[PDB]
Amino acid sequence: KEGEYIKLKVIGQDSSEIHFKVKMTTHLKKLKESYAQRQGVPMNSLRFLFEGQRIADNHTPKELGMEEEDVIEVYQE
Amino acid sequence: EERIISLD
C-alpha cells in the first residue's frame with residue numbers, strides 16, 4: 001500500500017531543516033539520536049512532535065501514519 | 001544546502 005521508506009523533514013527551533021530517509025518500521029528514537037548529534041545537544045533536551053503530539057521512542061512512521069515529506073517539529077524539552 | 005541523512 002505504501003513504500004518501504006519515507007523522507008521526513010525535521011524543523012528545529014531556529015527554523016532550520018534536516019531531512020531523514022527512514023524505513024517505515026524504524027523506531028523514531030533513532031531519528032532523535034541522529035538529530036541531537038548533528039545539533040550537538042543532549043537528546044534529553046529536545047522534544048519531537050508530529051501533528052502536535054509527542055513522538056515516543058518506539059513510535060514508527062508506519063504506526064503514526066506518517067507520509068512522504070511530513071514535518072517533525074523540534075522544541076526545547 | 002539541502003541536508004538528507006540516511007537512517008539505518
# chains A, B, ... in the order shown; residues from 1 in each chain; ligands from 1
>>> select_by_dssp(residues="chain A", states="alpha helix (DSSP H)", output="compact mmCIF listing (two decimals) with N, CA, C and O atoms, in the first residue's frame")
# COMPACT_ATOMS: atom_id res chain seq x y z
N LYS A 29 13.20 6.84 17.92
CA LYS A 29 14.36 7.15 18.76
C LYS A 29 15.62 7.29 17.92
O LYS A 29 16.51 8.10 18.24
N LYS A 30 15.74 6.53 16.83
CA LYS A 30 16.95 6.62 16.03
C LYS A 30 17.08 7.99 15.37
O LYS A 30 18.19 8.49 15.16
N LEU A 31 15.95 8.57 14.98
CA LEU A 31 15.95 9.91 14.40
C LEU A 31 16.27 10.95 15.46
O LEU A 31 17.05 11.88 15.21
N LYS A 32 15.72 10.78 16.67
CA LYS A 32 16.02 11.71 17.75
C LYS A 32 17.51 11.73 18.06
O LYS A 32 18.09 12.80 18.25
N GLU A 33 18.12 10.55 18.13
CA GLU A 33 19.54 10.44 18.42
C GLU A 33 20.38 11.12 17.35
O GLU A 33 21.32 11.85 17.65
N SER A 34 20.08 10.86 16.07
CA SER A 34 20.85 11.45 14.99
C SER A 34 20.70 12.96 14.95
O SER A 34 21.68 13.70 14.83
N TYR A 35 19.48 13.45 15.12
CA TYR A 35 19.24 14.88 15.08
C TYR A 35 20.00 15.57 16.21
O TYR A 35 20.67 16.59 16.00
N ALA A 36 19.89 15.05 17.43
CA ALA A 36 20.58 15.66 18.56
C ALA A 36 22.10 15.66 18.34
O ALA A 36 22.78 16.63 18.69
N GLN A 37 22.64 14.58 17.78
CA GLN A 37 24.07 14.53 17.48
C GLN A 37 24.47 15.64 16.51
O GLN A 37 25.49 16.31 16.71
N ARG A 38 23.69 15.85 15.45
CA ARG A 38 24.02 16.88 14.47
C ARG A 38 23.93 18.28 15.06
O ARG A 38 24.69 19.16 14.65
N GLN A 39 23.01 18.50 16.00
CA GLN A 39 22.88 19.80 16.65
C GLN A 39 23.90 19.99 17.76
O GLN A 39 24.12 21.13 18.19
N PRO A 61 7.20 5.44 11.82
CA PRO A 61 6.41 6.20 10.82
C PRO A 61 5.15 5.46 10.42
O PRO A 61 4.09 6.09 10.27
N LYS A 62 5.22 4.14 10.28
CA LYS A 62 4.04 3.36 9.94
C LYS A 62 2.97 3.50 11.00
O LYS A 62 1.80 3.75 10.69
N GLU A 63 3.34 3.34 12.27
CA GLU A 63 2.35 3.43 13.35
C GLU A 63 1.69 4.80 13.39
O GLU A 63 0.47 4.90 13.59
N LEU A 64 2.46 5.86 13.20
CA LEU A 64 1.95 7.23 13.29
C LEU A 64 1.25 7.68 12.02
O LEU A 64 0.67 8.77 12.02
>>> closest_atom_pairs(of="region 2-34 of chain A", to="region 1-6 of chain B", cutoff="12 Å", atoms="only C-alpha atoms", output="tab-separated table")
residue	atom	partner	partner_atom	distance
A:5	CA	B:6	CA	10.3
A:6	CA	B:6	CA	10.3
A:7	CA	B:4	CA	8.5
A:8	CA	B:4	CA	9.2
A:9	CA	B:4	CA	9.0
A:10	CA	B:4	CA	10.3
A:11	CA	B:3	CA	11.8
A:16	CA	B:3	CA	10.2
A:17	CA	B:3	CA	7.6
A:18	CA	B:3	CA	5.4
A:19	CA	B:4	CA	4.6
A:20	CA	B:5	CA	4.8
A:21	CA	B:6	CA	4.8
A:22	CA	B:6	CA	6.7
A:23	CA	B:6	CA	9.3
A:26	CA	B:6	CA	11.8
A:30	CA	B:6	CA	10.8
A:31	CA	B:5	CA	9.5
A:34	CA	B:5	CA	8.7
>>> write_last_selection(atoms="N, CA, C and O atoms", output="mmCIF file, in the first residue's frame")
data_model
loop_
_atom_site.group_PDB
_atom_site.id
_atom_site.type_symbol
_atom_site.label_atom_id
_atom_site.label_comp_id
_atom_site.auth_asym_id
_atom_site.auth_seq_id
_atom_site.Cartn_x
_atom_site.Cartn_y
_atom_site.Cartn_z
ATOM 1 N N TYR A 5 10.208 3.052 2.585
ATOM 2 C CA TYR A 5 10.978 4.126 3.167
ATOM 3 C C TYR A 5 10.217 5.428 3.018
ATOM 4 O O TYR A 5 9.336 5.558 2.174
ATOM 5 N N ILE A 6 10.604 6.416 3.804
ATOM 6 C CA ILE A 6 9.962 7.716 3.785
ATOM 7 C C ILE A 6 10.999 8.798 4.033
ATOM 8 O O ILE A 6 11.960 8.586 4.776
ATOM 9 N N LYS A 7 10.821 9.959 3.415
ATOM 10 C CA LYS A 7 11.610 11.129 3.763
ATOM 11 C C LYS A 7 10.805 12.012 4.701
ATOM 12 O O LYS A 7 9.654 12.346 4.426
ATOM 13 N N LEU A 8 11.409 12.351 5.832
ATOM 14 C CA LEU A 8 10.802 13.211 6.842
ATOM 15 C C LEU A 8 11.614 14.491 6.948
ATOM 16 O O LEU A 8 12.845 14.469 6.865
ATOM 17 N N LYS A 9 10.922 15.610 7.163
ATOM 18 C CA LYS A 9 11.548 16.909 7.321
ATOM 19 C C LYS A 9 11.497 17.298 8.790
ATOM 20 O O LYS A 9 10.403 17.466 9.337
ATOM 21 N N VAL A 10 12.640 17.496 9.408
ATOM 22 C CA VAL A 10 12.713 17.873 10.817
ATOM 23 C C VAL A 10 13.045 19.358 10.918
ATOM 24 O O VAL A 10 14.102 19.803 10.450
ATOM 25 N N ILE A 11 12.147 20.120 11.524
ATOM 26 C CA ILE A 11 12.279 21.571 11.618
ATOM 27 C C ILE A 11 12.609 21.917 13.059
ATOM 28 O O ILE A 11 11.837 21.589 13.967
ATOM 29 N N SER A 16 15.621 25.987 10.903
ATOM 30 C CA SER A 16 16.457 25.197 10.013
ATOM 31 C C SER A 16 15.886 23.792 9.889
ATOM 32 O O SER A 16 15.114 23.343 10.740
ATOM 33 N N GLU A 17 16.259 23.103 8.813
ATOM 34 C CA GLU A 17 15.702 21.794 8.494
ATOM 35 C C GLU A 17 16.792 20.756 8.263
ATOM 36 O O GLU A 17 17.807 21.035 7.612
ATOM 37 N N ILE A 18 16.570 19.539 8.751
ATOM 38 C CA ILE A 18 17.355 18.371 8.353
ATOM 39 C C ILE A 18 16.357 17.316 7.896
ATOM 40 O O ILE A 18 15.356 17.088 8.590
ATOM 41 N N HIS A 19 16.600 16.692 6.747
ATOM 42 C CA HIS A 19 15.718 15.642 6.273
ATOM 43 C C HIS A 19 16.328 14.274 6.550
ATOM 44 O O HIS A 19 17.550 14.106 6.530
ATOM 45 N N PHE A 20 15.461 13.306 6.799
ATOM 46 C CA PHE A 20 15.874 11.945 7.105
ATOM 47 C C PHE A 20 15.175 10.943 6.208
ATOM 48 O O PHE A 20 13.954 11.011 6.031
ATOM 49 N N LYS A 21 15.944 10.010 5.670
ATOM 50 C CA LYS A 21 15.401 8.857 4.974
ATOM 51 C C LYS A 21 15.317 7.728 5.985
ATOM 52 O O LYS A 21 16.344 7.288 6.507
ATOM 53 N N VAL A 22 14.094 7.278 6.261
ATOM 54 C CA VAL A 22 13.782 6.385 7.373
ATOM 55 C C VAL A 22 12.966 5.209 6.845
ATOM 56 O O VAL A 22 12.034 5.391 6.060
ATOM 57 N N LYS A 23 13.291 4.008 7.273
ATOM 58 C CA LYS A 23 12.415 2.887 6.992
ATOM 59 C C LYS A 23 11.114 3.035 7.778
ATOM 60 O O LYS A 23 11.107 3.530 8.907
ATOM 61 N N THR A 26 11.226 1.703 11.378
ATOM 62 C CA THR A 26 12.289 2.083 12.300
ATOM 63 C C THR A 26 11.715 2.877 13.470
ATOM 64 O O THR A 26 10.887 3.774 13.292
ATOM 65 N N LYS A 30 15.743 6.532 16.834
ATOM 66 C CA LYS A 30 16.951 6.624 16.029
ATOM 67 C C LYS A 30 17.078 7.988 15.373
ATOM 68 O O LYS A 30 18.190 8.492 15.164
ATOM 69 N N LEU A 31 15.947 8.572 14.977
ATOM 70 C CA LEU A 31 15.949 9.911 14.403
ATOM 71 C C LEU A 31 16.275 10.950 15.465
ATOM 72 O O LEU A 31 17.054 11.875 15.213
ATOM 73 N N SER A 34 20.080 10.863 16.074
ATOM 74 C CA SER A 34 20.851 11.448 14.986
ATOM 75 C C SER A 34 20.699 12.956 14.948
ATOM 76 O O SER A 34 21.683 13.695 14.833
#
>>> closest_residue(among="A:14, A:57, A:4, A:77", to="residue 44 (chain A)", atoms="only C-alpha atoms")
A:77
>>> atom_distance(atom1="CA of residue 76 (chain A)", atom2="CA of residue 13 (chain A)")
7.6 Å
>>> residues_around(residues="residue 52 (chain A)", least_positions_apart="3", cutoff="9 Å", atoms="only C-alpha atoms", output="list in words")
residues 48, 49, 72 and 73 of chain A
>>> atom_distance(atom1="CA of residue 41 (chain A)", atom2="CA of residue 59 (chain A)")
21.8 Å
